[PDB]
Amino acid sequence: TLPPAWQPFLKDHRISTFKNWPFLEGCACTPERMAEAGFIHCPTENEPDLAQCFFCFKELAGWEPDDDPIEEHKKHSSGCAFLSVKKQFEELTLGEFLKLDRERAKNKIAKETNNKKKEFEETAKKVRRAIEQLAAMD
């Protein structure tokens, strides 16, 4: 078997992350198809259909039965390298594989960074408003 950190590169693992996925036989966005497109299922109490690309970290919910996950991935995250990987996992060279895993580690940092920015800016607006209000109480 393989290290936990790398399991998501495996289609079978990705599929196994969907336990109560609602869209099964009859639907375009099945687990096989969500997984082939790179998604993991990471449902919340608030969004029980939330999926994430394991590679670029894009999150999507609001899935409908006729939705094609490849098309949707390609719409919301056109830059994602995974969409270029033509080869099956075992046909990859370790060099190719390690190269992918560095891009994924960069994409993860970028996601954490872009989050911290947003939270920072929300905080900064509160503090600015609070000080503005006090200068005004005048």
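So that there is no doubt, residue numbering starts at 1 and follows the sequence shown.
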>> Tell me which stretch has the larger mean Cα B-factor in this entry, 7-15 or 21-29.
In response: 21-29
>> Can you tell me whether 72-80 has a higher mean C-alpha B factor than 100-108 in this record, or the other way round?
In response: 72-80
> Of the three thirds of its chain by CA temperature factor, lowest, middle or highest, which one includes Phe89?
Replying inline: middle
>> How does the C-alpha B factor of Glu36 compare with the rest of the chain: lowest, middle or highest third?
In response: lowest
> What third of the chain, by the recorded C-alpha B-factor, contains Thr44?
Replying inline: highest
